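Chemist: just coords:
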């Protein structure tokens with residue numbers, strides 16, 4: 001019927017994916033391999049298309065793939081998977097991919113996901129917070145340029161600050177953190193910014209005499225990034241909720 005012309009059209013579609021800033025086209029051989037005609041109906045082999053989409057997730061999910069990060073003082077390092085991430089919704093994407101392809105028109109799409117942000121751009125762009133646990137230092141990049149840096153004090157060897165791709169999911173003023181050492185603790189703070197799901201975040205360290213060096217080995221926090229009060233205040237003042245925070 002007029003379906004054969006369609007099958008050829010489809011077979012020649014240029015299906016392009018844009019994932020985490022990466023761009024690529026689905027191989028013609030794959031689409032042709034998925035083509036299907038049964039009971040007068042043109043379609044794609046779901047199983048195979050789903051496998052592809054499954055592979056995409058295995059290959060790009062920032063929920064199971066660490067992020068290569070260009071640090072300020074160490075070149076390119078690896079920041080483990082953190083709380084800021086996304087995961088491709090396999091079935092949803094498979095159905096949307098099938099629909100896109102079967103329509104027989106070239107297209108460029110980013111997969112359906114779930115997480116802090118979508119995959120139609122790099123997970124980490126040019127606005128973020130860099131916490132170099134090695135040089136116990138921290139920078140805040142805004143649109144590519146440094147807007148504020150300072151030494152800080154990570155957690156103590158026993159309760160280390162975890163490395164990972166996190167983000168500021170909340171901003172609080174005059175809050176009191178709680179916890180254990182056994183032995184409950186308080187610690188009131190003027191500015192609080194949680195970055196993970198265990199209690200690790202950024203806040204003024206009113207009681208810390210000095211920051212930087214290897215102070216943490218001696219007087220490390222319980223995991224949060226202790227920051228100089230005046231700096232923390234200026235930081236809290238400009239960091240918008242949703243800002244990625246890389247800790248390595």
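Modeler: Perfect, thanks for sending it. Residues are numbered from 1 along each chain as shown.

Chemist: Residues touching the lengthiest helix in the chain, excluding its own?
Modeler: The helix spanning the most residues in the chain, taking DSSP state H as the definition, is helix 46-60. For helix 46-60, contacts defined as C-beta atoms under 8 Å, 6 or more residues apart in numbering pick out 17, 19-20, 22, 26, 30, 33-34, 64-65, 87-88, 90-91, 93-94, 97-98, 111, 119. Where C-beta positions appear, they are placed from N, C-alpha and C, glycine not excepted.

Chemist: Swap in 10 Å and give it another go.
Modeler: Identification of contacts with helix 46-60 by C-beta atoms under 10 Å, 6 or more residues apart in numbering yields 17, 19-20, 22, 24, 26-27, 30-31, 33-34, 36, 43-45, 63-65, 86-98, 101, 111-113, 119, 123.

Chemist: now the residues you listed: which count as buried?
Modeler: Among these, those classed as buried by neighbour count (16 or more other C-beta atoms under 10 Å) are 17, 19-20, 26, 31, 34, 43-44, 63, 86-90, 93-95, 97-98, 101, 111-113, 119, 123.

Chemist: how about stretch 211-225: buried residues?
Modeler: 211, 215, 216, 220, 221, 222, 223, 224, 225.

Chemist: Filter those down to just the ones in strands.
Modeler: residue 225 (DSSP state E).

Chemist: Can you give me the neighbour number for residue 169?
Modeler: Neighbours of residue 169 under the rule other C-beta atoms under 10 Å: 18.

Chemist: wait, what's in contact with it?
Modeler: 83-84, 116, 193-197, 201, 241-243, 245.

Chemist: wait, residue 244 sits on residue 128?
Modeler: Yes. Shown here, residue 244 and residue 128 form a contact pair, counting by C-beta atoms under 10 Å, at 4.1 Å.

Chemist: what's the overlap in contacts for these two?
Modeler: Joint contacts of residue 244 and residue 128 (C-beta under 10 Å, 6+ apart) are 69, 84, 141, 165, 167, 168.

Chemist: Look up how far residue 191 lies from the last one.
Modeler: Separation of residue 168 from residue 191 (C-beta to C-beta, to the nearest Å): 11 Å.

Chemist: What of the fourth one?
Modeler: According to C-beta to C-beta, residue 165 stands 22 Å off from residue 191.

Chemist: Give me the more crowded residue out of those two.
Modeler: residue 165 (26 against 22).

Chemist: Mind telling me what element the more buried one is part of?
Modeler: If you go by DSSP states H and E, residue 165 is part of strand 164-167.

Chemist: Mind listing the strands that strand pairs with, and their directions?
Modeler: With DSSP bridges as the test, strand 164-167 is paired with strand 244-247 (antiparallel).

Chemist: Count the neighbours of residue 143 for me.
Modeler: What residue 143 shows, counting by other C-beta under 10 Å, is a neighbour count of 8.

Chemist: Now do the contacts for it.
Modeler: Contact analysis of residue 143 by C-beta under 10 Å, 6+ apart lists 125, 126, 127.

Chemist: again, 7 Å this time
Modeler: Counting by C-beta atoms under 7 Å, 6 or more residues apart in numbering, residue 143 makes contact with 126, 127.

Chemist: which residue ranges form the helices in this protein?
Modeler: For the chain, the helices defined by DSSP H cover 3-11, 28-34, 46-60, 90-102, 215-219, 229-238.

Chemist: Against which helices or strands is the first one packed?
Modeler: Right, the one you point to is helix 3-11. When contacts are defined as 3 or more C-beta pairs under 7 Å, 6 or more residues apart in numbering; DSSP states H and E, helix 3-11 packs onto helix 28-34, strand 35-38, strand 41-44.

Chemist: can you do 10 Å?
Modeler: helix 28-34, strand 35-38, strand 41-44, helix 90-102 (3 or more C-beta pairs under 10 Å, 6 or more residues apart in numbering; DSSP states H and E).
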